[PDB]
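Note: hydrogens, waters and symmetry copies are ignored here, and every other heavy atom, side chains too, is used. Numbers here are sequence positions counted from 1. Atoms within each ligand, like the ligands themselves, are counted from 1 in listed order.
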Amino acid sequence: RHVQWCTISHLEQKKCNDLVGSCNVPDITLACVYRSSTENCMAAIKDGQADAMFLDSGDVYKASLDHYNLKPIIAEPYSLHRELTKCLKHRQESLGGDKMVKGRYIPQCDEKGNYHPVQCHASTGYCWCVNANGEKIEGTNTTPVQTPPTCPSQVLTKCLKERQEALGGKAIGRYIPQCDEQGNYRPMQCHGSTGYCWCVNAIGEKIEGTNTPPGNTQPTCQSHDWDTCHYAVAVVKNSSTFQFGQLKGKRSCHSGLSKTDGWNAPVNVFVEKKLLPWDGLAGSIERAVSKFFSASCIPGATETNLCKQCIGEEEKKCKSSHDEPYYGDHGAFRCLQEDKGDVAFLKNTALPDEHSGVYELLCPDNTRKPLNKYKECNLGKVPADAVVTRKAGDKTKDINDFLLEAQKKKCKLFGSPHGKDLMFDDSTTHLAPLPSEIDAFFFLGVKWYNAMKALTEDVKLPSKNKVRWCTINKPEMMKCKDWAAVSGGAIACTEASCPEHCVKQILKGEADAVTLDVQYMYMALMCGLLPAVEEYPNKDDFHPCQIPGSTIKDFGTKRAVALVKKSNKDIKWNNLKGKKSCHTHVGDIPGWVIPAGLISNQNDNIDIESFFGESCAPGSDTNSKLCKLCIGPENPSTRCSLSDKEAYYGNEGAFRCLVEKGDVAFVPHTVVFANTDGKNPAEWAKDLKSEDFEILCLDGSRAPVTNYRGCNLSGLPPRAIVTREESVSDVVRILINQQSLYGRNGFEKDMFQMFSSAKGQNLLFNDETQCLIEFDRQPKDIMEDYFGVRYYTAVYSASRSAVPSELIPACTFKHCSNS
Ligand SMILES: NC1=N[C@@]23[C@@H](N1)[C@H](COC(=O)NCCCCCCNC(=O)c1ccc(C(=O)O)c(-c4c5ccc(=O)cc-5oc5cc(O)ccc45)c1)N=C(N)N2CCC3(O)O
C-alpha cells in the first residue's frame, strides 16, 4: 500500500522526503509529490497524481467546490467549553427516563466522573467491562452467579499519560508536565531544568505570549481554559501607534489570499466596520483591499500592490508556497518582523511564545493588548484545518492508517529543521479521523461556510414567505408542482432521493420543510431541526382542526400494546421470557421496535430472538426461532414473508397468530377492536369477543383492551414537519394559511387538496391526515418534548447518544464560530 503526499514547496518536499526515510510504518509506504502551489496540489489530488495534503480551512472550502471535489478527512480535535463528563451525562439522561420503564441500566461513575471500568445492571445482576466512553467491551458479560469481571484500568488523562511517557519508565533534564487532582494540566507549567515557566490551557496546549525566563514575573495563567479554538489576530510592533480603524494606507503582511486567518477574518471585519468601501458588488474584494492598503504581501494575490512586499525569488514571489519566505502564518510574522509591513494577519498559534518583546495585538475595538490576550483581542475564531482527499475516498483508510501509525511511533510529523509549518502546522499535536460523512459544510459549520461563500458571490437569500418543500420521489415532486401552481408563490419544490437527504438540504439552506416518519425524527432532532407542525390523524374528533388552538383530547396516534387472551392468567409483563410471541413484522414500530427496545432496556441487550421461546415475526430468517410459529395459504405461503402470503403478517396477521398459537401478540391498540365483535367476517375471527382479550401493563398488572391510553407499551408520536429553528415561525404561518385554503375544510378545496392525490398514496402528507397542528414547544429536552417520555425511554433509553444514522456524528460536529 502507498500514500502519495502532495507538497507545495521545496522546503516541504524536503521534510516529506525525510519522513519517507525516518518514519517506518509497516504495510504502508509514504511518497512525496512536488507541486508549486496549494492550488496545483489540489488539482494533483483531484487528478490522482497524489492522495493527500493538509489545507487551511479557507482552502478546505475552496477544495470542496466542483472544480476540485476534495473533502476533509483528518484534523486535530478541539474543544469550545468545558462539558459534563460522559458518565455523568449518561447518569442524568437515564435517570430522567420514564419511571414506568423499570429495571433500566444506570451507569456507575467514579469520584472523577468517569465510568468505573466494571459496569453492572442492578435488576439483572449482569456485569461487564467498558471503555472510557462507557461502551461495553463485547464478550465480557458475567452473570450474577459469578463474581464481577476483572477489567483493565481506564486510560490515563493526557497529562498523566504525558507524565508517564516523559518519565519513560524511570526523568532528568527534560520537561515533565505537572498535573492537578482531576488529572488535568496545572495552568502554570515550569521546565524543571531551565527554570522557564509558561501557561497552558486545560488540555496542555501552550498559551502564546506567556513563556517566562527564570527571574521574571509570570503573566497570570487562567484556570479551567477549555476554549481551544484558534483565533485570527492582527499583530503589530509596540514601536508604532496606529489603531485598527486607521489601517487604511498601511503596509500589511497576510498569511495568504485563501487563508481564513490571513484573508476572510480580516476582510470580514474590514467590511463590518465599513473601513472597506465594498459591499456585495461582485468590484472584487481583492481589488477593494488593493485600494485600502498601500503595499502588502498576500501570497496568491494578483493585484500588483498586494504582492509588492513579498520577497520570493523570480517566479516564486507571492506564491501560495513556502518558497515565498513571507507565506503562511510564520511568513506573515517574518514580514512584520523585518519591517516590510506594519501589521501581520495570522492566528494565535503563530504568535511568539515569549511574554516580553516588541510585539502586541491590534484589537478591532481600536485598542492594543498583549500577546497573551488574543482571546479578547482578535478578529474571530477560525475553523480547524484538515487533511483532505478526493470526495470518492479511495485512499481515506490508507491515509488514516498511515497517520495513526506514524503518531503511535512518534515520527517527526510536526516540526522540522528546514522550516516551520511544513506539511502540517507546527502547533499540531494530534490528528484524528473525522466522521465518515463529514464534508466541508459540516466540518467548517454553517456560519463559516456561508461567510466564506459570501466573499465570492452575491448569495441571494430565499424568501421567508416561501416554503421550499423537499420531495423524495417523482410523484411527490409532481404533486408539489401542482401545489406551487395554486399557491401563488407560497410553495416551491426541491428533489431528494430519501428523507435523510431532505434533512441535509434543509440544514444547508436548500429546502425549508419535509414530513418525516417517526423512524427519522431522532436523526433530525439530533442535527438541530425542530418540529414545526404535526400530522393530526384522529378521525373521531375534528375540533382541533376547526378551531385552531383548542385543547386536544386525544391526538389519536397508535398505541403499541401487549395483547394476550383472557384464558392465560399467569402471563404478566415480567415473565414474557421464553413465551410465544406474535409480531406484525420486523421493523414495524408498534410490533417490533417498541417491544424490542423495552426487552433490550431490561435484559442487557439480549437478542429478541433468544428472549422469546418461539414467535412469528415476518422478515426474520426462515430457520430462526422467530419464524417457526409462522404458517406461510395456497401451499407452494413462503413462511416469514413481508407479504400477505404469510397469514400472520400485519396487524390482523399478528392477531391470528395469537388466537391460534401464541401467548402474546405485539400490535397497535386498534387491531383487537377491528377484528373481534364479529368485525372480521373470516372464520377464525368468527364473532371473537373483544372482552376475551386484555393488554399487559408494564407494572405486571393487566387491563381490558379498552384502557390502552393508560396500559400500553408506548404511544407513538405523530409524524412531524421539520425545519430550521429560525424558520419555524415562517413555516407554521405559511402552512396554516395553505391549510385554510386546501385542507379538508379549506375555502378553496376545489382548487387543490393537500391531503390526497391521484398521483399516488401519501404524497408529501399522509392521506389520512386530518390537519396539521402547530407544535407547542415545551421548556424541556426536545427529544422528550417531541417523542414523549415513554417512547424516548423505550426506544432510545432516553439517551442523546444513539447513532441510528451515520449522518449524526457529522451534523453534530462542533464548530469554531462567532456571534
Ligand atoms: N410538546 C408536545 N408534546 C406533545 C404535544 N405537544 C403534541 C401533541 O401530542 C398530544 O397528544 N397532545 C394532545 C393531548 C392528547 C393526549 C396526549 C397526552 N398524553 C401524555 O401526556 C402522556 C404521554 C406519555 C406518557 C408515558 O407513558 O410516558 C404518559 C404517562 C406517564 C409518564 C410518566 C409516568 O411516571 C407516568 C406516566 O403515566 C401514565 C399513566 C397513564 O395511566 C396514562 C398515560 C401516562 C402521558 N405533539 C407531540 N409530539 N407531543 C409530544 C409529547 C406530548 O404529548 O406532550
For residues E500 and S805, is any side-chain donor paired with an opposing acceptor at under 3.5 Å?
-> yes

If you measure only the distance, is there a donor-acceptor pair under 3.5 Å linking the side chains of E806 and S436? yes

Among non-hydrogen protein atoms, atom 50 (N) of ligand 1 lies closest to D785 O, 3.6 Å

Residue, atom and distance of the protein heavy atom nearest atom 41 (C) of ligand 1 read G710 CA, 3.7 Å

Query raised in the report: For residues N745 and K749, is any side-chain donor paired with an opposing acceptor at under 3.5 Å?
Result: no

Quick look: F775 vs ligand 1, heavy-atom contacts under 4.0 Å, and the answer is side chain

Nearest non-hydrogen protein atom to atom 5 (C) of ligand 1, with distance, is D776 OD1, 3.7 Å

Here the atoms of ligand 1 under 4.0 Å from any heavy atom belonging to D554 are 15 (C)

| query | Under 4.0 angstrom from ligand 1, any heavy atom of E784? | reply | no

TODO: For the residue pair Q505 and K508, confirm or rule out a side-chain donor-acceptor distance under 3.5 Å.
DONE: no

heavy-atom search around atom 31 (C) of ligand 1 in the protein gives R790 NH2, 4.6 Å

The atoms of ligand 1 lying under 4.0 Å from a heavy atom of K553, numbered in the order shown, are 15 (C), 16 (C)

Sequence neighbours excluded, the answer for side chain to side chain donor-acceptor pair (under 3.5 Å) partners of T812 is none

Going by the 4.0 angstrom heavy-atom rule, the piece of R777 near ligand 1 is neither

| Pair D512, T723: side-chain N/O donor-acceptor within cut-off below 3.5 Å | no

To atom 7 (C) of ligand 1, the nearest of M100, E534, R709 on a heavy-atom basis is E534

- May I ask you to check whether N651 and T584 show a side-chain donor-acceptor distance below 3.5 Å? no

Check whether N680 reaches the backbone of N675 with its side chain - one donor and one acceptor, N or O, closer than 3.5 Å.
no

Ligand 1 to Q778, heavy atom cutoff 4.0 Å, flagged ligand atoms 1 (N)

Atom 11 (O) of ligand 1 has as its nearest protein heavy atom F555 CB, 3.0 Å

Within the 3.5 Å criterion, strictly below it, is a donor on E660 or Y648 matched to an acceptor on the partner's side chain? yes

Here the atoms of ligand 1 under 4.0 Å from any heavy atom belonging to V789 are 28 (O), 32 (C)

Polar contacts were defined as any N/O atom of the residue lying under 3.5 Å from an N/O atom of the ligand; does this apply to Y786 and ligand 1? yes

- Message: In this structure, does ligand 1 have an atom that sits under 4.0 Å from one of the heavy atoms of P718?
- Response: yes

Over 60° means perpendicular and under 30° means parallel, so classify the ring planes of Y522 and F787, tilted if in between. tilted

Note: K99, heavy atoms under 4.0 Å from ligand 1, region reported as neither

Quick look: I552 vs ligand 1, heavy-atom contacts under 4.0 Å, and the answer is both

